[PDB]
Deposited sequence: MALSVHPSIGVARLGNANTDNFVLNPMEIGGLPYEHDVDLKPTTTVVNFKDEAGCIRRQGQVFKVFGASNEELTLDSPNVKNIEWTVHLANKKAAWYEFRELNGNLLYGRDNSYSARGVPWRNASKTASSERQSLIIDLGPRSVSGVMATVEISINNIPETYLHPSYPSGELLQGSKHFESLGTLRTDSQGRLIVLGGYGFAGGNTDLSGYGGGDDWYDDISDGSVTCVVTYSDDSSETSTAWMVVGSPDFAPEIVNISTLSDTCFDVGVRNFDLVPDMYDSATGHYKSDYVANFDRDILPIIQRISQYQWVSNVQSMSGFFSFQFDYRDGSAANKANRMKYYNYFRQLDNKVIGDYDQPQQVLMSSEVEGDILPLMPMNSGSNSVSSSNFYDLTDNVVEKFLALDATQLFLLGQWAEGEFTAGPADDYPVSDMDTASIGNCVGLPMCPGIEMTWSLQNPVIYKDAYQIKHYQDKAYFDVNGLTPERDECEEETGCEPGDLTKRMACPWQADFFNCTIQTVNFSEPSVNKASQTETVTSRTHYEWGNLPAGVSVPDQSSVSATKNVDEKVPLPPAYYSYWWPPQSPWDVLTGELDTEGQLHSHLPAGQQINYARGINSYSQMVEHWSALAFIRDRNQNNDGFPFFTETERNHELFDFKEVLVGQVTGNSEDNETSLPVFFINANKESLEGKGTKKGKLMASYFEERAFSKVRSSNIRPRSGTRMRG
């Protein structure tokens, strides 16, 4: 039988010229690739943006392999053609509003979208045909041969695709005109390259209904026709994400770790590690330091370039020897392990659980944030939101169950030093989704927690397809269908539909969360602040014999905020590798320093100047790519901002006395970055 890799492709949006793109990373944490005129990868990316400051699309190369794992191309003996059919769709406008973990069936049927009352997006549209038309679906496109190109355009929808849909005409805010979901190409030997959207994000309100973006996902079909006209067919999936603004920095739990974990616990991917008959990991499984543990430590060690998480420093200091498996070092390994949060169970209404605990202790001397130190998958809504009393809460991050099992085996001394055998997972499969966020997912960046649900897969790393080209040709896509509920596979648009519509809202808010740590069932509460003030006046320096009566009055103010983080609260990151927050300035020449208004080497806010959600929707592409300036020298990283469109931004230095009224404060100033709409 044939196989296509990667099993889940990953492309990234870009607004540069349609013909100006990079190719996929070839490993987790790898840079994307420049290419030659044959569309073969050459060197790692030189610049992420074009000269005009537009972000280049990143495309995914897919390859097809025969029974003995040899690659099939148009040059293979006995191959006369290879035809790729890709069907991408965006179902976001047709899906439910995002309400954290509501709708996630891993918590049981009582957490279904219907049982939780989650409203549909664009809720005034209630007939099925009206819901279907909210989907962006241009039908499938096909590509085959040497150096082919075809757009997934509203202008070349096949005649056989009876139900296309898209936001038509001139949109009233953001991007005006939707045109394309991306481009399919082949290289010089017939391999597929899928390129995604252009960063379109527009709608007809200011508010939020009737909005769209050009994120998409869907099916990949490959038909290889042999010289005698027989054929074989094999499938994969494809996902488009917004730009990876720090591609060398890897998420502690990636989506590859997610697929792997789902695989181990549900598809017998690693029989030695987990006993599928009983539903437990095997305590005799021996982990491997370099394969299983080291990546966690390395990933933790790079968050400092995009966030302030210094409390994690002890987990990569090598204050003791992480490679020493002896009894003498066991107390040390166990102490390291015991600082990681165990996983919550997935039971509705159970709040007092390890992911609601912030610190090791609150006794002075014994205070450390537990690990990894980041938000969990619901630090936003309390138990009592949305007219529920048992809304699922998950305040703080944990590793996935498989990572954590393997870490425990390390802690126990059940691990080796030296080479391990690879798991039965292709490296091409890990290289795509290993660059996507795995946790937390609220909703996340590329994908959300449907990817944790084994019912969407036909085997580890492989998305199950619902139906086929001939079905969708006649019927179109099914707007209300939940692949997690039906269990019979995914439709185009299913992997990305749950994310924010438009994505730049995920991006604007993927920063930090201020998370309560005193009441397990509470994230936010109403806060009433009453300030009662008595003003008393007296007059003096009066002549002898003169007096004037004092005067006094009382005033009060009452401020009510319906939903604010309950104190005491902890400053917690969301997705530092995918949405940086605290970064170093990198302009080393006078011109870049004048334009950026900053010296090099200073830590500042990554998004400075993008002061509103509407600005992010329009100017996302102006932001920097965080990159290792010392990449040639392994082990001595120096990550700074590169390629920020500094000219977009204006700048004012406000003296502190401007705010306070005290001119002595003007010895200190506050830098303010912003975007003036009136600039040319």
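Residues 1, 208 to 212, 687 to 726 of the deposited sequence have no C-alpha coordinates in the model.
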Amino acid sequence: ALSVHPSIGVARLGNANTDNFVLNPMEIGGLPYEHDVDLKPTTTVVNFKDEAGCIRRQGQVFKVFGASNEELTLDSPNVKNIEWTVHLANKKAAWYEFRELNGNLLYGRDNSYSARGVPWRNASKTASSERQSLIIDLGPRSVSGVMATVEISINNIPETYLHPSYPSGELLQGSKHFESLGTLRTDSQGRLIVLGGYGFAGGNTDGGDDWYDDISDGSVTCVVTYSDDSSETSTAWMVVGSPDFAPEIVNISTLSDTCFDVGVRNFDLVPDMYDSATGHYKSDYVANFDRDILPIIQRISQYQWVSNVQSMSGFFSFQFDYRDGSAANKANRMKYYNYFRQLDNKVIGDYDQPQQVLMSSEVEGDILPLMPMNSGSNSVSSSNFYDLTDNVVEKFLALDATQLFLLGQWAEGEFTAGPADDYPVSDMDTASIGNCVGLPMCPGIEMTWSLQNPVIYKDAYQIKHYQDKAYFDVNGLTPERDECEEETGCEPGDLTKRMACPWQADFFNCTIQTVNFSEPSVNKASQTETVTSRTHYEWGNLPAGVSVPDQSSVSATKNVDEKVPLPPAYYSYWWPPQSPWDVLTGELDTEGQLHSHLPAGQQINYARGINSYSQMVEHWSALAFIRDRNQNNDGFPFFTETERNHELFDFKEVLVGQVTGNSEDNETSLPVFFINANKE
From here on, numbers count along this sequence of modelled residues.
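Look at the mean CA B-factor for 172 to 180 and for 605 to 613 in the entry; the higher one is 172 to 180. Averaged over their C-alpha atoms, the temperature factors of 414 to 422 and 442 to 450 are higher for 414 to 422.
The entry lists C-alpha B-factors for 434, 325, 354, 247, and the highest of these is at 325.
Residue-level inspection of the entry shows that, of 34, 618, 628, 634, 634 has the top Cα B-factor.
Sort the modelled residues of the chain by CA B factor and residue 166 lands in the highest third.
In the deposited entry, the Cα temperature factor of residue 536 places it in the highest third of its chain's modelled residues. Residue-level temperature factors show residue 505 in the highest third of its chain, judged at the C-alpha atom. For residue 597, the recorded CA temperature factor ranks within the lowest third of the chain's modelled residues. Among all modelled residues in this chain, the alpha-carbon of residue 394 has a temperature factor (C-alpha) in the lowest third.
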